[PDB]
Structure formats: structure tokens, C-alpha cells
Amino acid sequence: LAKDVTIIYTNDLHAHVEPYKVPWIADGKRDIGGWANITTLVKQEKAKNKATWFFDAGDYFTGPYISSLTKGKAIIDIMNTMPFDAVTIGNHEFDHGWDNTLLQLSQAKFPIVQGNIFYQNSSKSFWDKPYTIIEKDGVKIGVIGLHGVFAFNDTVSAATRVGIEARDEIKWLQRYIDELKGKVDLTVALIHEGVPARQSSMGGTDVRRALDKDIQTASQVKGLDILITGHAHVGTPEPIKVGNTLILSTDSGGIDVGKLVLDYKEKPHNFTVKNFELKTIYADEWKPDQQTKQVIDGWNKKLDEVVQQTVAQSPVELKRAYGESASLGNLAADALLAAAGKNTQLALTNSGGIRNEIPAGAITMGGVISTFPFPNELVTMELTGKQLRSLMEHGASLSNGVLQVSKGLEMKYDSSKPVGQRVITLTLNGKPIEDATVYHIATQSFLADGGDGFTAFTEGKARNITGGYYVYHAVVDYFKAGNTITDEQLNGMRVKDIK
């Protein structure tokens, strides 16, 4: 009666539907990922072994323009061609508003689980299905979907979650564990939680990211067999054992896919790990599933006319960094400053909002959208020097990366100092920022409402928001207005760790 039970999982796929280059993998010279390749991988596993499940821990939206320009519709369409047994809902599924979340995810032909997001001051749940039971070859797996409260408040834009909220994930996890006890062979939780992923062209040396939250979660509940996590984009080359729970994750974007083979016996109810592999997907090692590819191709054809348009050019690949300035952040802040105009003195934008490199050569509308994919609207406001400095300290804490800043603003911090005391110098046009002085600043609506823990933005006065005018429009308009990429945008270390 002993049975091979196989769990295959992804997380944080982020709309990377086609194979793509990653600067820190084979020096950006080898295609990785591709959802059509992942489909072949899973179909082949499911053909070999009946008791095979495919799960995803959220954040399949947001990234390459195919997601943003369709508000995620194309992503659900493509996912409908893939053999998912269950997924949960990550923060990025909310990027186009929670009404859009309901609208698009209603179209999914695979099960979606989410049991701890509620209407505020209500017992009513946001999603209809907190968990579900998926049985294959006499083996029943109960799968629970949850979002960390901290991560929900930290990374869902304020404007897209008005009137909804995540609630104590630990309380709901134990409740659902207890509700499933005696009804299933194995209990799995898909939990979207923790610190946000680093957004960087440099990979792992650019701000440490770990899975401490998930270890905490596992150690706070009893009776959970597997915790699949997403949100931090930190893969687990071996399962992390906490008590009797295995914690599993991937590096995100379809770079790798996890595969856990268990030996299971229902009679003496026991599972033991038989084999685990976190497999790097190299496009040239896989035949893409033709149906998945066809749906992707049909969507690209629809979008081509809009995205193909040339908006600029760059002599070099434009890069991003999470702990310091990089060219894409310098350009985005300069574009925001340019678009705000008038008396604006400086612009700030978040490192986590910059999602891809822009390759060298002709820059197209699609490339700009893939890099700056958020409906985050231009906001101008007045902040004191003291408030600006508090924002800089929050950035230097590296919990959510540093702010990227406009030309003229320079910030130096020391990451070896205690959080709260890391800013060394902060100057605008060579003069120190002064506590009581009032500065005219530009940013966007995600930061303006306190996104990423940047709370002092919410104290800004004389606030003005431009509806429908996003970071990517500002960037496009920057090149339309005559401006080009400058050497100081390319090499200027406006924000720098002097550790």
C-alpha cells in the first residue's frame, strides 16, 4: 500500500510567461523559465505517477507587460492551459484593484484557495474558498491558502485594498488545520508572507533575503505537513524542517521548479521524504507545451501593435538595485521629477517597483511597461526635511530597499549601524536637508499612501494626485520631451552604502 506522492510547486511566477535572460545566470546569455516549458515538466511528471500535485503560492501577476496591459486576464488564460491543482492569492493579484482580483480569478479553471482576507469590520470573507481537498489515487490532500497580514499591509497598494484586509494568519491556519483533521491524508498550506523580494540586477549580494517568517509560522502551529511559501523569492535547495513541517519555496519567475517525492502510507499514517529537487529550468533543455505556447502567442499578437512602438534608445542595458542607486531608479526618479514640473525639487520612488532590466538598443513601450508595470499615479506634496530624513532612514533599514532618488539628491548610509541610525549624509544640490525646511517633492501613489512601510509620506501636505498617469507614462514622456539617458543617470551613485 506504500505510495509515491509527488508535489511539484512554484511561487512568484510574476507573468514571466516566456523564457528570458537573468543577468546573474550564465551572465544573461542563457534563456531560463517559460511557462510552456513548466507545463511540459508537470505533464510529464503527472503521466508517470498518478499521485502528483502541482501547487503555486501566489504572485503569478505583475511583471512583463502581458500582465499589466490585460490586468492579469492573459495570465489566468495562460494558467488555464497548465495543470495546476491549486493556487493561492498573492499581493500582486491585487495590483489592479480588488474588484479586478475577483473578476479575473473568477475565470480560473483550477482551484484557488484564500482563507484569511476579509471585508473590514465584517465577518464576510473576500474569497469563497478558504481551503479545498484534492484527491488522487486514494490520497486526499487538503490545501489551505493564506496571506501574511504584515506582507498584505506592507505590499498591497492602499488604493487597491480599500475596505479589505488580511487577518491573523496563524489563527486561521490552525483553525483550518483543525477543520481538516480526519478528512485528509496530508495537509498543505500555501502561504504568501514575509519580507518582500529584492528587486535587483545583481542577485543575492544585493540585500539579504531569508525565510524567517515561515520558520516562525511553522513553529506556531501543529499538524501542518507542508508549507509552500511565496513573497520573498528565496528558494529552498533542501526542504527546511521545522518540527514535523517541511517548508518549500522557489527563487521565483519560473527560474526553478520544486519537486518533492514522498513515500506515503495511509495505514500507519506516515510520510517520509524520498527525494527532493529544486530544478533550474533552462529553456534549451525543454520542449514547450504547444497549447500553452499557442495561448501566449495569441496574446502577444493582440498586444504587439501597442508594445512594439519605439520610445527611446539606450547605449547599454539599464539595471536596477535594491540597496543603492542604479540607472533604472535614477531614470525613474528623474522622469517623475520632470513630469511634476513647476516648483518640485526632488522625486522619490521605490526600488521594489522596478521589475526588470531594459536591454541595450531601441527601447519599446513594452520594455518600459515590463520594468515599471504598476498603476502607481504621480503625486506631488510638501514634506519637511525631518520627514524626508525619516523616509531615508526607513530605506537605509533595507526592509523594503532604498528609495531611488532624483538628480541633485545625495544620500549616504552605513548598513553596519543600528536601524534608525544609518543615514550619514543627506543633501540636496550640495546643501544639507534641514529639519524644518519644507520641500516640494514628487513620488507616486503606492509610496504616497505609505506603501513599503514608508509612513512619513502619509504626512505630506498640499497633496495632488494625477489620475491615470503612472510611472511608465512619466518615463515615456521623459523621452518624448527631448531628454535622453545621461552619463550621470548611468553611473551616478546618488544613494550609496558606505559600510
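The first residue of the shown sequence is 1; numbering continues from there.
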Q: Would you mind comparing 215-223 and 67-75 for me and telling me which has the higher average C-alpha temperature factor in the entry?
A: 215-223
**Q.** Mean temperature factor over C-alpha atoms, higher-scoring stretch between 441-449 and 44-52
**A.** 44-52
Q. Looking at 348, 283, 89, 86, which has the highest Cα B-factor in the entry?
A. 283
Q: Please work out which residue in 204, 375, 254, 194 has the highest C-alpha B-factor recorded for this crystal structure.
A: 204
(Q) Ranking every modelled residue in this chain by its Cα temperature factor as given in the entry, which third contains residue 481? (A) highest
(Q) Ranking every modelled residue in this chain by its Cα temperature factor as given in the entry, which third contains residue 268? (A) highest
Q.
Can you tell me whether residue 430 has a C-alpha B-factor in the lowest, middle or highest third compared with the other modelled residues of the same chain?
A. highest
Q | CA B-factor placement of residue 414, once the chain's modelled residues are sorted into thirds | A | middle
Q: Sorting the chain's modelled residues by C-alpha B-factor, tell me whether residue 490 ends up in the lowest, middle or highest third.
A: middle
